Amino acid sequence: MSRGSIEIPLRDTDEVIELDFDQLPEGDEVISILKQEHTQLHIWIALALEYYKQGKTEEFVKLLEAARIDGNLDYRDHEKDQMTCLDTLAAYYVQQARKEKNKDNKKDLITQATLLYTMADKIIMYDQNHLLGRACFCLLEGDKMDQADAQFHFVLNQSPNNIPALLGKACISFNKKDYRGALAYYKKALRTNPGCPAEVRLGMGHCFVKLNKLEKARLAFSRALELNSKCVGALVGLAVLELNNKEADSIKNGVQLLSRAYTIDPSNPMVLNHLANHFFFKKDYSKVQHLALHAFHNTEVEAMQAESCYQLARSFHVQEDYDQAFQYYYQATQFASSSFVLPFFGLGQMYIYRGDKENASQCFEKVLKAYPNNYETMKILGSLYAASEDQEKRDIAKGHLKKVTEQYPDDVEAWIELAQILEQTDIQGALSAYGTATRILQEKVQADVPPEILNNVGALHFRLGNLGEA
Amino acid sequence: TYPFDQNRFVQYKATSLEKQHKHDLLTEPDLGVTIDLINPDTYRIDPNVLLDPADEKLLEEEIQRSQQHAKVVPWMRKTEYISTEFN
């Protein structure tokens, strides 16, 4: 398949300059040749697209900035060429702004992008290419997302078999959590043109997890793995699925794949989080902090910081750095997903340590509402609410402690905690609880009863009337 | 009041939530995919080309047996039917 030869009409000469793609000289010479030739804008666009395809954006960038000023619009189709040339550079600035991970760089590039996009609107706005470019530019910011939605919608209305417009609508559907429409638009968008970078297909795999199609997602990841091995997102999803498998060998091979992906692209925040959670168990807490700090700083979205901070806070809990663990646990909870509750557990522990019993109970209440069957949180919640002045909470503490005691026959502290609230109104129940605690102390612990329990048992007997036992 | 330890729950220890948790897929809203308007090649539409087998599988719309008859059950029997020839 021949790439093709660009032809340029020479000024005041029938001969045409022909240059093949393979041996095209440096763009620095081509710009001067075109400037001295005064050729039509469509030739500039052809050369611009050639250097863009070659993988060198600098060459394409230079010729397009120089072209837009000294163009020759003395032909019928000048307006279309002018619109495309201006919009191409503007949309490239948006794409390059998205690529960089620095917010300051984003604004600097976005400044000129806004100026040039307004200029393109000046001449013609109804052009479909201009409409999709403006939609992408406005979607980049995130505060103009609804404009992208409307723009892609009527561009889609113009043509149903239109992969870019349908892709934008599907992406926006994903952003707004419209799962069915997102899936439908993705399927149809992939139908429109089978030829496309594999990145679009990655959106399918994760959507399958969004619909709980785990085997379907695994097949999608395998197909993604087979077609392209350079897709970091596909590797991350496969590694996350292996992590979700909850199997020691699954975790080990998932960690190896995570290391490979992190080697491929260490800048991605999510990949580092999964492998650092394993590092925590490896006892190399210094590397755990480094990876957790690296992931937290690298990202710009709030949802990501739910995990990294947690791990770091978790990593900081075993370093006895309770103040910084407290602060970072708070950060993880502040930016948290409904799927994640461990930061609230850790935050409750930090609040407990600091003496903030009420707010610690609030964090534990959130965890319990999210997950009401956890034994550890149940025991802690029962103990914390047992020592509550308010009467209404004493019954809930009783219930939690009763639930804990039934689940755990051998828990001396739970029995004592339950007894300390049964005393208020249930003398027989408190006596039974204290007796049970004494039975475990003598049987398993094999230790003499504490004087406080004996005093409280005697006081209960006194209240009952058994003066001899008292 | 019983003298409970003041940091019995502060100290880190294995918890049920440690092993019961679930990891989630978190990514940018556009999900690592952007409209490649720069290249007209991706803008081209080709209906003649055959669809990928996986894409055909995805197009299938989603809508939201008892083996007892074959159990052996030695005592039970069968049932023959009227035949033109019989002993």
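So you know, we letter chains A, B, ... as the sequences are listed, proteins then strands, and number each from 1. Worth knowing before you read on, the calculation uses all heavy atoms, side chains too, and leaves out hydrogens, waters and symmetry mates.
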Measure A:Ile380 against the heavy atoms of chain B and call it side chain, backbone, both or neither at under 4.5 Å.
both
With a 4.5 angstrom heavy-atom cut-off, which part of A:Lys216 approaches chain B: side chain, backbone, both or neither?
side chain
More than 12 heavy atoms from other groups under 6.0 Å of NZ on B:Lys19:
no
Pick one of side chain, backbone, both or neither for A:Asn374, based on which atoms fall under 4.5 Å of a heavy atom in chain B.
side chain
Please state whether the side chain, the backbone, both or neither of A:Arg98 comes within less than 4.5 Å of a heavy atom of chain B.
side chain
Ion pair check, A:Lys187 and B:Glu61, cut-off under 4.0 Å:
no
Option that, when pairs with chain B are counted at under 4.5 Å, heavy atom only, ranks first among A:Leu139, A:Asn161, A:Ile352:
A:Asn161
Output yes when a side-chain donor or acceptor of B:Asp24 lies under 3.5 Å from a complementary backbone atom of A:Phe340, and no otherwise.
no
Between B:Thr42 and A:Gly195, the two heavy atoms sitting closest are OG1-O, 4.3 Å
For A:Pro450, which atoms come within 4.5 Å of any heavy atom of chain B: side chain, backbone, both, or neither?
side chain
Contacts with chain A made by residues 79-87 of chain B (heavy-atom distance under 4.5 Å), listed by residue number
none
Top of A:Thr192, A:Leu243, A:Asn273 for chain B proximity - count of heavy-atom pairs under 4.5 angstrom:
A:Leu243
Between A:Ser383 and B:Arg8, what is the shortest heavy-atom contact and its length?
CB-NH2, 3.6 Å
In sequence, state the C-alpha distance, the side-chain angles, and the governing distance for A:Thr377 and B:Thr15, and then conclude on side-chain contact (heavy atoms from CB on, under 4.5 Å).
CA-CA 9 Å; A:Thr377 200; B:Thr15 89; over 6 Å; no
Looking only at A:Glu417, A:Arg201, A:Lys53, A:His274, most heavy-atom pairs under 4.5 Å shared with chain B are made by A:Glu417
Which region of B:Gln20, side chain (C-beta onward) or backbone (N, CA, C, O), has a non-hydrogen atom less than 4.5 Å from a non-hydrogen atom of chain A, or is it both or neither?
side chain
Hey, could you give me the OH/CG distance between B:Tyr2 and A:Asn455, rounded to the nearest 0.5 Å?
13.5 Å
Using non-hydrogen atoms only, which part of B:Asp36 is less than 4.5 Å away from chain A: side chain, backbone, both, or neither?
side chain
Side chain, backbone, both or neither: which part of A:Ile172 has a non-hydrogen atom closer than 4.5 Å to chain B?
neither
Report which part of A:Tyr186 has an atom under 4.5 Å of a heavy atom belonging to chain B: side chain, backbone, both, or neither.
side chain
Is the number of heavy atoms from other residues, nucleotides or ligands under 6.0 Å of A:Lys188 NZ greater than 12?
no
At a 4.5 Å cut-off on heavy atoms, which part of A:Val232 comes close to chain B: side chain, backbone, both, or neither?
neither
Close side-chain approach of B:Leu26 and A:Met270, heavy atoms under 4.5 Å
yes
Is the backbone of B:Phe9 close enough, under 3.5 Å, to the side chain of A:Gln349 for a donor and an acceptor to pair up by distance?
yes
Counting heavy atoms not belonging to A:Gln319, are there more than 12 under 6.0 Å from its CD?
yes
Sort out for me which of B:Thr1, B:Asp30, B:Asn39 touches chain A most, counting heavy-atom pairs under 4.5 Å.
B:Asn39
Distance col, row A:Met378:CE vs B:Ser16:OG, nearest 0.5 angstrom, shows 8.5 Å
Considering only NZ, NE, NH1 and NH2 on the basic side and carboxylate oxygens on the acidic side, decide whether B:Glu18 and A:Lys246 come within less than 4.0 Å.
no
Measure distances from A:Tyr92 to the heavy atoms of chain B and classify the residue's part below 4.5 Å as side chain, backbone, both or neither.
both
Electrostatic pair B:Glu62-A:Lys213, nearest N-O below 4.0 angstrom:
yes
Step by step, would you call A:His206 with B:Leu31 a side-chain contact (heavy atoms from CB on, under 4.5 Å)?
CA-CA 9 Å; A:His206 300 188; B:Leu31 197 148; 3.9 Å; yes
At their closest point, which heavy atom of A:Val209 faces which heavy atom of B:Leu25, and how far apart are they?
CG1-CD2, 4.2 Å
Considering non-hydrogen atoms only, spot the tightest contact between A:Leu132 and B:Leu37 and give its length.
CD1-CB, 3.4 Å
Applying a strict 4.5 Å limit to non-hydrogen atoms, the region of A:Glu413 in contact with chain B is both
Other residues, nucleotides and ligands only: do more than 12 of their heavy atoms fall within 6.0 Å of CD on B:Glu60?
no
Is B:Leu59 close to A:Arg191 at the side-chain level, that is, under 4.5 Å between some pair of heavy atoms?
yes
Between B:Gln6 and A:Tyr353, is any pair of side-chain heavy atoms under 4.5 Å apart?
no
Going by residue number, which parts of residues 43-55 of chain B are within reach of chain A, meaning a heavy-atom gap below 4.5 Å?
B:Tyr43, B:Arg44, B:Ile45, B:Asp46, B:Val49, B:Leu51, B:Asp52, B:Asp55
Most contacts with chain B, counted as non-hydrogen pairs under 4.5 angstrom, among A:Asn244, A:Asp87, A:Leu49
A:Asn244
Worked verdict on A:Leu202 versus B:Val33 for side-chain contact (heavy atoms from CB on, under 4.5 Å):
CA-CA 8 Å; A:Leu202 169 86; B:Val33 63; over 6 Å; no
Taking atom CG of A:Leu190 and atom CG of B:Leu58, what is their separation to the nearest 0.5 Å?
8.0 Å
How are the rings of B:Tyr12 and A:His317 set to each other: parallel, tilted or perpendicular (split at 30° and 60°)?
perpendicular
How long is the span from the CZ atom in A:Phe174 to the CD atom in B:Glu28, to the nearest 0.5 Å?
11.0 Å
